[PDB]
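Undergrad: Take a look at start.pdb, PDB, C-alpha atoms:
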```pdb
ATOM      1  CA  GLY B   1      88.417 -14.060  31.641  1.00  0.00           C
ATOM      2  CA  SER B   2      85.253 -14.772  29.669  1.00  0.00           C
ATOM      3  CA  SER B   3      81.996 -13.008  28.802  1.00  0.00           C
ATOM      4  CA  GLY B   4      79.266 -13.110  26.174  1.00  0.00           C
ATOM      5  CA  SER B   5      77.402 -16.046  24.651  1.00  0.00           C
ATOM      6  CA  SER B   6      74.959 -17.040  21.910  1.00  0.00           C
ATOM      7  CA  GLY B   7      71.555 -15.774  22.998  1.00  0.00           C
ATOM      8  CA  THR B   8      70.511 -12.133  22.739  1.00  0.00           C
ATOM      9  CA  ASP B   9      72.076 -12.256  19.275  1.00  0.00           C
ATOM     10  CA  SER B  10      71.321 -15.193  16.977  1.00  0.00           C
ATOM     11  CA  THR B  11      70.371 -13.854  13.546  1.00  0.00           C
ATOM     12  CA  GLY B  12      73.505 -12.511  11.889  1.00  0.00           C
ATOM     13  CA  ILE B  13      75.915 -13.871   9.290  1.00  0.00           C
ATOM     14  CA  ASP B  14      73.805 -15.768   6.759  1.00  0.00           C
ATOM     15  CA  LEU B  15      75.727 -19.044   6.542  1.00  0.00           C
ATOM     16  CA  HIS B  16      74.315 -19.760   3.082  1.00  0.00           C
ATOM     17  CA  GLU B  17      75.774 -16.472   1.845  1.00  0.00           C
ATOM     18  CA  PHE B  18      79.227 -17.705   2.856  1.00  0.00           C
ATOM     19  CA  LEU B  19      78.818 -21.160   1.318  1.00  0.00           C
ATOM     20  CA  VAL B  20      77.368 -19.945  -1.983  1.00  0.00           C
ATOM     21  CA  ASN B  21      80.059 -17.264  -2.167  1.00  0.00           C
ATOM     22  CA  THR B  22      82.741 -19.928  -1.748  1.00  0.00           C
ATOM     23  CA  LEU B  23      81.165 -22.043  -4.488  1.00  0.00           C
ATOM     24  CA  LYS B  24      81.485 -19.150  -6.937  1.00  0.00           C
ATOM     25  CA  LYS B  25      84.827 -17.710  -5.832  1.00  0.00           C
ATOM     26  CA  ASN B  26      86.330 -21.138  -5.151  1.00  0.00           C
ATOM     27  CA  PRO B  27      84.875 -23.390  -7.881  1.00  0.00           C
ATOM     28  CA  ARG B  28      87.552 -25.950  -7.017  1.00  0.00           C
ATOM     29  CA  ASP B  29      86.765 -26.193  -3.303  1.00  0.00           C
ATOM     30  CA  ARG B  30      83.157 -27.166  -4.019  1.00  0.00           C
ATOM     31  CA  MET B  31      84.510 -30.642  -4.770  1.00  0.00           C
ATOM     32  CA  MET B  32      85.290 -31.147  -1.082  1.00  0.00           C
ATOM     33  CA  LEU B  33      82.177 -29.506   0.365  1.00  0.00           C
ATOM     34  CA  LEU B  34      80.220 -31.864  -1.888  1.00  0.00           C
ATOM     35  CA  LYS B  35      81.953 -35.034  -0.694  1.00  0.00           C
ATOM     36  CA  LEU B  36      81.513 -34.168   2.985  1.00  0.00           C
ATOM     37  CA  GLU B  37      77.845 -33.414   2.315  1.00  0.00           C
ATOM     38  CA  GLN B  38      77.411 -36.931   0.931  1.00  0.00           C
ATOM     39  CA  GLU B  39      79.020 -38.740   3.864  1.00  0.00           C
ATOM     40  CA  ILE B  40      77.208 -36.471   6.320  1.00  0.00           C
ATOM     41  CA  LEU B  41      73.921 -37.462   4.682  1.00  0.00           C
ATOM     42  CA  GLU B  42      74.442 -41.227   4.810  1.00  0.00           C
ATOM     43  CA  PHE B  43      75.593 -40.743   8.403  1.00  0.00           C
ATOM     44  CA  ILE B  44      72.718 -38.688   9.806  1.00  0.00           C
ATOM     45  CA  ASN B  45      70.268 -41.175   8.297  1.00  0.00           C
ATOM     46  CA  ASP B  46      72.334 -44.107   9.566  1.00  0.00           C
ATOM     47  CA  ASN B  47      70.761 -44.927  12.931  1.00  0.00           C
ATOM     48  CA  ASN B  48      73.140 -47.778  13.759  1.00  0.00           C
ATOM     49  CA  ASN B  49      75.880 -45.155  14.048  1.00  0.00           C
ATOM     50  CA  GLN B  50      75.559 -42.560  16.812  1.00  0.00           C
ATOM     51  CA  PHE B  51      78.862 -40.688  16.572  1.00  0.00           C
ATOM     52  CA  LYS B  52      81.254 -40.046  13.685  1.00  0.00           C
ATOM     53  CA  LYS B  53      84.966 -39.241  13.901  1.00  0.00           C
ATOM     54  CA  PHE B  54      86.848 -37.316  11.214  1.00  0.00           C
ATOM     55  CA  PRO B  55      90.491 -37.701  10.106  1.00  0.00           C
ATOM     56  CA  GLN B  56      93.148 -35.145  11.040  1.00  0.00           C
ATOM     57  CA  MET B  57      92.253 -31.945   9.188  1.00  0.00           C
ATOM     58  CA  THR B  58      94.104 -28.682   8.566  1.00  0.00           C
ATOM     59  CA  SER B  59      93.319 -25.220   9.931  1.00  0.00           C
ATOM     60  CA  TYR B  60      91.166 -24.361   6.916  1.00  0.00           C
ATOM     61  CA  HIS B  61      89.486 -27.734   6.397  1.00  0.00           C
ATOM     62  CA  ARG B  62      88.354 -27.903  10.025  1.00  0.00           C
ATOM     63  CA  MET B  63      86.703 -24.509   9.544  1.00  0.00           C
ATOM     64  CA  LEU B  64      84.902 -25.551   6.359  1.00  0.00           C
ATOM     65  CA  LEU B  65      83.402 -28.577   8.107  1.00  0.00           C
ATOM     66  CA  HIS B  66      82.355 -26.758  11.281  1.00  0.00           C
ATOM     67  CA  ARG B  67      80.382 -24.508   8.934  1.00  0.00           C
ATOM     68  CA  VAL B  68      78.620 -27.305   7.051  1.00  0.00           C
ATOM     69  CA  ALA B  69      77.484 -28.880  10.320  1.00  0.00           C
ATOM     70  CA  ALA B  70      76.197 -25.634  11.829  1.00  0.00           C
ATOM     71  CA  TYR B  71      74.224 -25.254   8.600  1.00  0.00           C
ATOM     72  CA  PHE B  72      72.667 -28.716   8.814  1.00  0.00           C
ATOM     73  CA  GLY B  73      72.007 -28.230  12.517  1.00  0.00           C
ATOM     74  CA  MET B  74      74.638 -30.512  14.028  1.00  0.00           C
ATOM     75  CA  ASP B  75      76.967 -29.809  16.952  1.00  0.00           C
ATOM     76  CA  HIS B  76      80.671 -30.668  16.819  1.00  0.00           C
ATOM     77  CA  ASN B  77      83.028 -31.578  19.664  1.00  0.00           C
ATOM     78  CA  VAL B  78      86.811 -31.686  20.058  1.00  0.00           C
ATOM     79  CA  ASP B  79      88.656 -34.761  21.321  1.00  0.00           C
ATOM     80  CA  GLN B  80      90.923 -34.823  24.375  1.00  0.00           C
ATOM     81  CA  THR B  81      93.576 -33.152  22.221  1.00  0.00           C
ATOM     82  CA  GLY B  82      91.190 -31.702  19.655  1.00  0.00           C
ATOM     83  CA  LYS B  83      93.581 -32.587  16.842  1.00  0.00           C
ATOM     84  CA  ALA B  84      90.568 -34.123  15.101  1.00  0.00           C
ATOM     85  CA  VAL B  85      86.845 -33.350  15.001  1.00  0.00           C
ATOM     86  CA  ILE B  86      83.906 -35.497  16.099  1.00  0.00           C
ATOM     87  CA  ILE B  87      80.217 -34.881  15.412  1.00  0.00           C
ATOM     88  CA  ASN B  88      77.024 -36.641  16.495  1.00  0.00           C
ATOM     89  CA  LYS B  89      73.464 -37.023  15.210  1.00  0.00           C
ATOM     90  CA  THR B  90      70.809 -35.018  17.053  1.00  0.00           C
ATOM     91  CA  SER B  91      67.153 -34.184  16.413  1.00  0.00           C
ATOM     92  CA  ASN B  92      67.884 -30.555  15.539  1.00  0.00           C
ATOM     93  CA  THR B  93      69.833 -32.122  12.673  1.00  0.00           C
ATOM     94  CA  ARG B  94      67.583 -31.863   9.617  1.00  0.00           C
ATOM     95  CA  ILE B  95      67.806 -31.371   5.853  1.00  0.00           C
ATOM     96  CA  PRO B  96      68.281 -27.783   4.608  1.00  0.00           C
ATOM     97  CA  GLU B  97      66.189 -25.959   2.007  1.00  0.00           C
ATOM     98  CA  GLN B  98      68.511 -26.581  -0.941  1.00  0.00           C
ATOM     99  CA  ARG B  99      71.515 -28.794  -1.683  1.00  0.00           C
ATOM    100  CA  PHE B 100      74.812 -28.078  -3.440  1.00  0.00           C
ATOM    101  CA  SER B 101      73.956 -30.678  -6.082  1.00  0.00           C
ATOM    102  CA  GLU B 102      71.243 -28.229  -7.137  1.00  0.00           C
ATOM    103  CA  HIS B 103      73.790 -25.576  -8.114  1.00  0.00           C
ATOM    104  CA  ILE B 104      75.966 -27.979 -10.103  1.00  0.00           C
ATOM    105  CA  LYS B 105      73.016 -29.470 -11.984  1.00  0.00           C
ATOM    106  CA  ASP B 106      73.730 -30.566 -15.556  1.00  0.00           C
ATOM    107  CA  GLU B 107      77.418 -31.253 -14.923  1.00  0.00           C
ATOM    108  CA  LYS B 108      79.851 -32.180 -17.696  1.00  0.00           C
ATOM    109  CA  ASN B 109      82.219 -34.714 -16.134  1.00  0.00           C
ATOM    110  CA  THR B 110      82.544 -36.397 -12.739  1.00  0.00           C
ATOM    111  CA  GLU B 111      84.917 -38.916 -11.164  1.00  0.00           C
ATOM    112  CA  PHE B 112      83.045 -41.190  -8.757  1.00  0.00           C
ATOM    113  CA  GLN B 113      84.562 -44.649  -8.314  1.00  0.00           C
ATOM    114  CA  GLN B 114      84.235 -46.963  -5.313  1.00  0.00           C
ATOM    115  CA  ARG B 115      86.249 -49.962  -6.501  1.00  0.00           C
ATOM    116  CA  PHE B 116      89.865 -51.091  -6.157  1.00  0.00           C
ATOM    117  CA  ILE B 117      90.430 -47.726  -4.477  1.00  0.00           C
ATOM    118  CA  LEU B 118      91.532 -46.983  -0.914  1.00  0.00           C
ATOM    119  CA  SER B 119      92.231 -43.859   1.142  1.00  0.00           C
ATOM    120  CA  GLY B 120      95.637 -44.631   2.620  1.00  0.00           C
ATOM    121  CA  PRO B 121      96.046 -46.302   6.031  1.00  0.00           C
ATOM    122  CA  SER B 122      98.899 -44.990   8.177  1.00  0.00           C
ATOM    123  CA  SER B 123     100.613 -47.005  10.910  1.00  0.00           C
ATOM    124  CA  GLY B 124     101.971 -45.416  14.074  1.00  0.00           C
TER     125      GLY B 124
END
```
Take the structure in the file and give it back as structure tokens.
TA:
Amino acid sequence: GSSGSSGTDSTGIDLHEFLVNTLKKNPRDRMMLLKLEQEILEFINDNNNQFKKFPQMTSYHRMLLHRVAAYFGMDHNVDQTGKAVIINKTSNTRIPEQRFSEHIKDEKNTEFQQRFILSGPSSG
């Protein structure tokens, strides 16, 4: 039925290794990882907000996120259906050793606009 848990074995797959590897192999994906990192930052710091819900994600996406959190030290939880992902802000949650913005230092071009721009609201 079920056996085995996280305890006797903690140190294993070096998360970083995975992330960094993805940044090199998938130089296009980085874009996303970066965005999430930003929101996650403003969130963690934001005390007013305790929990944060994420929009419906795909099989891959969901995975990517789950990783980022585990790296920052945050636990994720699935909703009644689990379709989406919800994370909270706990003490264990702290800043890592290095950020992704440190690997993309001295960029060439970037598109960051927060005006007359929406995401796309969907009605039932």
Undergrad: In terms of the shortest atom-to-atom distance over all atoms listed in the file, which of B:72, B:64, B:118, B:31 is closest to residue 97 of chain B?
TA: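 Among the listed residues, B:72 lies closest to residue 97 of chain B.
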Undergrad: At a cut-off of 9 Å, using all atoms listed in the file, what residues contact residue 56 of chain B? Leave out same-chain residues fewer than 5 positions from it and give the result as a ChimeraX atom specification.
TA: /B:62,83-85
Undergrad: Dump C-alpha atoms for the selected residues as a tab-separated table (two decimals), in the frame of the given file?
TA:
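Writing the result to again10.tsv gives the following:
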```
chain	number	residue	atom	x	y	z
B	62	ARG	CA	88.35	-27.90	10.02
B	83	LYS	CA	93.58	-32.59	16.84
B	84	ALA	CA	90.57	-34.12	15.10
B	85	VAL	CA	86.84	-33.35	15.00
```
Undergrad: Show me, as JSON, numbers by chain, the residues that have an atom within 8 Å of residue 71 of chain B when counting all atoms listed in the file, minus same-chain residues fewer than 4 positions from it.
TA: {"B": [15, 16, 67, 96]}
Undergrad: As an exercise, work out the distance from atom CA of residue 95 of chain B to atom CA of residue 11 of chain B in Å and give it to one decimal place.
TA: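 Separating atom CA of residue 95 of chain B from atom CA of residue 11 of chain B is a distance of 19.3 Å.
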Undergrad: Would you translate the PyMOL selection byres ((chain B and resi 88) around 10) into the concrete set of residues it matches in this file, as a PyMOL selection string?
TA: chain B and resi 43-44+49-53+69+74-77+86-87+89-90+93
Undergrad: Figure out the distance between atom CA of residue 18 of chain B and atom CA of residue 33 of chain B, please, to one decimal in Å.
TA: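 Result for atom CA of residue 33 of chain B versus atom CA of residue 18 of chain B: 12.4 Å, one decimal.
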Undergrad: In Å to one decimal, how far is atom CA of residue 4 of chain B from atom CA of residue 81 of chain B?
TA: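 Value for the atom CA of residue 81 of chain B-atom CA of residue 4 of chain B distance: 24.9 Å.
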Undergrad: With distances taken over only C-alpha atoms, which residue among B:42, B:34, B:63, B:48 lies nearest residue 112 of chain B?
TA: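 That would be B:34, the residue with the smallest distance to residue 112 of chain B.
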Undergrad: Under the rule that all atoms listed in the file are counted, which of B:12, B:54, B:101, B:91 is the nearest residue to residue 78 of chain B?
TA: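 Of all the options, B:54 lies closest to residue 78 of chain B.
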Undergrad: Go through B:29, B:17, B:82, B:5 and flag the residue nearest residue 57 of chain B, using all atoms listed in the file for the distances.
TA: B:82
Undergrad: Quick one: of B:61, B:94, B:115, B:99, who's nearest to residue 45 of chain B, counting all atoms listed in the file?
TA: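 Answer, going by the shortest atom-to-atom distance: B:94.
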Undergrad: Point out the residue among B:47, B:38, B:70, B:120 with the least atom-to-atom distance to residue 100 of chain B, counting all atoms listed in the file.
TA: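 Under the stated criterion, the closest residue is B:38.
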Undergrad: Taking every listed atom of segment 52-57 of chain B and adding 3 Å to each side, what centre and edge lengths in Å (one decimal) does the axis-aligned box have, as JSON?
TA:
```
{"center_x": 87.2, "center_y": -36.0, "center_z": 11.5, "size_x": 17.9, "size_y": 14.1, "size_z": 10.7}
```
Undergrad: Using the partial input, fill out segment 21-45 of chain B with N, CA, C and O atoms; write the result as a PDB file, in the frame of the given file.
TA:
```
ATOM      1  N   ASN B  21      78.944 -18.115  -1.767  1.00  0.00           N
ATOM      2  CA  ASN B  21      80.059 -17.264  -2.167  1.00  0.00           C
ATOM      3  C   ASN B  21      81.303 -18.098  -2.459  1.00  0.00           C
ATOM      4  O   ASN B  21      81.996 -17.874  -3.452  1.00  0.00           O
ATOM      5  N   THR B  22      81.582 -19.060  -1.585  1.00  0.00           N
ATOM      6  CA  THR B  22      82.741 -19.928  -1.748  1.00  0.00           C
ATOM      7  C   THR B  22      82.625 -20.771  -3.012  1.00  0.00           C
ATOM      8  O   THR B  22      83.614 -21.005  -3.708  1.00  0.00           O
ATOM      9  N   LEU B  23      81.411 -21.225  -3.305  1.00  0.00           N
ATOM     10  CA  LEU B  23      81.165 -22.043  -4.488  1.00  0.00           C
ATOM     11  C   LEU B  23      81.521 -21.281  -5.760  1.00  0.00           C
ATOM     12  O   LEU B  23      82.079 -21.847  -6.701  1.00  0.00           O
ATOM     13  N   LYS B  24      81.197 -19.992  -5.782  1.00  0.00           N
ATOM     14  CA  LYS B  24      81.485 -19.150  -6.937  1.00  0.00           C
ATOM     15  C   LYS B  24      82.962 -18.771  -6.979  1.00  0.00           C
ATOM     16  O   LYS B  24      83.660 -19.059  -7.952  1.00  0.00           O
ATOM     17  N   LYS B  25      83.433 -18.126  -5.918  1.00  0.00           N
ATOM     18  CA  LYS B  25      84.827 -17.710  -5.832  1.00  0.00           C
ATOM     19  C   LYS B  25      85.762 -18.910  -5.949  1.00  0.00           C
ATOM     20  O   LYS B  25      86.688 -18.910  -6.760  1.00  0.00           O
ATOM     21  N   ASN B  26      85.512 -19.930  -5.136  1.00  0.00           N
ATOM     22  CA  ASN B  26      86.330 -21.138  -5.151  1.00  0.00           C
ATOM     23  C   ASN B  26      85.573 -22.301  -5.784  1.00  0.00           C
ATOM     24  O   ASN B  26      85.011 -23.155  -5.099  1.00  0.00           O
ATOM     25  N   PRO B  27      85.557 -22.336  -7.125  1.00  0.00           N
ATOM     26  CA  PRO B  27      84.875 -23.390  -7.881  1.00  0.00           C
ATOM     27  C   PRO B  27      85.574 -24.740  -7.756  1.00  0.00           C
ATOM     28  O   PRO B  27      85.032 -25.770  -8.158  1.00  0.00           O
ATOM     29  N   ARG B  28      86.778 -24.727  -7.195  1.00  0.00           N
ATOM     30  CA  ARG B  28      87.552 -25.950  -7.017  1.00  0.00           C
ATOM     31  C   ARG B  28      87.276 -26.574  -5.652  1.00  0.00           C
ATOM     32  O   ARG B  28      87.277 -27.797  -5.505  1.00  0.00           O
ATOM     33  N   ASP B  29      87.041 -25.726  -4.657  1.00  0.00           N
ATOM     34  CA  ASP B  29      86.765 -26.193  -3.303  1.00  0.00           C
ATOM     35  C   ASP B  29      85.462 -26.988  -3.259  1.00  0.00           C
ATOM     36  O   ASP B  29      85.373 -28.015  -2.587  1.00  0.00           O
ATOM     37  N   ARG B  30      84.455 -26.503  -3.978  1.00  0.00           N
ATOM     38  CA  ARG B  30      83.157 -27.166  -4.019  1.00  0.00           C
ATOM     39  C   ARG B  30      83.319 -28.682  -3.954  1.00  0.00           C
ATOM     40  O   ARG B  30      82.611 -29.361  -3.211  1.00  0.00           O
ATOM     41  N   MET B  31      84.255 -29.206  -4.739  1.00  0.00           N
ATOM     42  CA  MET B  31      84.510 -30.642  -4.770  1.00  0.00           C
ATOM     43  C   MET B  31      84.455 -31.235  -3.366  1.00  0.00           C
ATOM     44  O   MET B  31      83.708 -32.179  -3.109  1.00  0.00           O
ATOM     45  N   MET B  32      85.250 -30.673  -2.460  1.00  0.00           N
ATOM     46  CA  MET B  32      85.290 -31.147  -1.082  1.00  0.00           C
ATOM     47  C   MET B  32      83.923 -31.011  -0.420  1.00  0.00           C
ATOM     48  O   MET B  32      83.291 -32.007  -0.065  1.00  0.00           O
ATOM     49  N   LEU B  33      83.471 -29.772  -0.256  1.00  0.00           N
ATOM     50  CA  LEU B  33      82.177 -29.506   0.365  1.00  0.00           C
ATOM     51  C   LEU B  33      81.143 -30.541  -0.065  1.00  0.00           C
ATOM     52  O   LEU B  33      80.354 -31.021   0.749  1.00  0.00           O
ATOM     53  N   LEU B  34      81.156 -30.884  -1.349  1.00  0.00           N
ATOM     54  CA  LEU B  34      80.220 -31.864  -1.888  1.00  0.00           C
ATOM     55  C   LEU B  34      80.412 -33.224  -1.223  1.00  0.00           C
ATOM     56  O   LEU B  34      79.476 -33.789  -0.658  1.00  0.00           O
ATOM     57  N   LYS B  35      81.634 -33.743  -1.293  1.00  0.00           N
ATOM     58  CA  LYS B  35      81.953 -35.034  -0.694  1.00  0.00           C
ATOM     59  C   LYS B  35      81.440 -35.110   0.741  1.00  0.00           C
ATOM     60  O   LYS B  35      80.624 -35.969   1.075  1.00  0.00           O
ATOM     61  N   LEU B  36      81.923 -34.204   1.585  1.00  0.00           N
ATOM     62  CA  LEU B  36      81.513 -34.168   2.985  1.00  0.00           C
ATOM     63  C   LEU B  36      79.994 -34.236   3.108  1.00  0.00           C
ATOM     64  O   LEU B  36      79.462 -34.992   3.921  1.00  0.00           O
ATOM     65  N   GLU B  37      79.303 -33.442   2.296  1.00  0.00           N
ATOM     66  CA  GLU B  37      77.845 -33.414   2.315  1.00  0.00           C
ATOM     67  C   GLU B  37      77.272 -34.816   2.127  1.00  0.00           C
ATOM     68  O   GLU B  37      76.315 -35.200   2.799  1.00  0.00           O
ATOM     69  N   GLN B  38      77.863 -35.572   1.208  1.00  0.00           N
ATOM     70  CA  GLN B  38      77.411 -36.931   0.931  1.00  0.00           C
ATOM     71  C   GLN B  38      77.541 -37.812   2.168  1.00  0.00           C
ATOM     72  O   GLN B  38      76.557 -38.376   2.646  1.00  0.00           O
ATOM     73  N   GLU B  39      78.762 -37.925   2.682  1.00  0.00           N
ATOM     74  CA  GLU B  39      79.020 -38.740   3.864  1.00  0.00           C
ATOM     75  C   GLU B  39      78.124 -38.315   5.023  1.00  0.00           C
ATOM     76  O   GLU B  39      77.531 -39.153   5.703  1.00  0.00           O
ATOM     77  N   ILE B  40      78.032 -37.008   5.243  1.00  0.00           N
ATOM     78  CA  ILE B  40      77.208 -36.471   6.320  1.00  0.00           C
ATOM     79  C   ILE B  40      75.760 -36.931   6.186  1.00  0.00           C
ATOM     80  O   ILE B  40      75.085 -37.191   7.183  1.00  0.00           O
ATOM     81  N   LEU B  41      75.290 -37.031   4.948  1.00  0.00           N
ATOM     82  CA  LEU B  41      73.921 -37.462   4.682  1.00  0.00           C
ATOM     83  C   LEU B  41      73.721 -38.919   5.085  1.00  0.00           C
ATOM     84  O   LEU B  41      72.855 -39.234   5.900  1.00  0.00           O
ATOM     85  N   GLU B  42      74.530 -39.803   4.509  1.00  0.00           N
ATOM     86  CA  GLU B  42      74.442 -41.227   4.810  1.00  0.00           C
ATOM     87  C   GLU B  42      74.596 -41.478   6.308  1.00  0.00           C
ATOM     88  O   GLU B  42      74.036 -42.430   6.850  1.00  0.00           O
ATOM     89  N   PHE B  43      75.363 -40.616   6.969  1.00  0.00           N
ATOM     90  CA  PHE B  43      75.593 -40.743   8.403  1.00  0.00           C
ATOM     91  C   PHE B  43      74.332 -40.401   9.191  1.00  0.00           C
ATOM     92  O   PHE B  43      73.754 -41.257   9.860  1.00  0.00           O
ATOM     93  N   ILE B  44      73.911 -39.143   9.104  1.00  0.00           N
ATOM     94  CA  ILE B  44      72.718 -38.688   9.806  1.00  0.00           C
ATOM     95  C   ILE B  44      71.602 -39.724   9.725  1.00  0.00           C
ATOM     96  O   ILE B  44      71.017 -40.102  10.739  1.00  0.00           O
ATOM     97  N   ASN B  45      71.313 -40.181   8.511  1.00  0.00           N
ATOM     98  CA  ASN B  45      70.268 -41.175   8.297  1.00  0.00           C
ATOM     99  C   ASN B  45      70.610 -42.484   9.003  1.00  0.00           C
ATOM    100  O   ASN B  45      69.743 -43.123   9.599  1.00  0.00           O
TER     101      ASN B  45
END
```
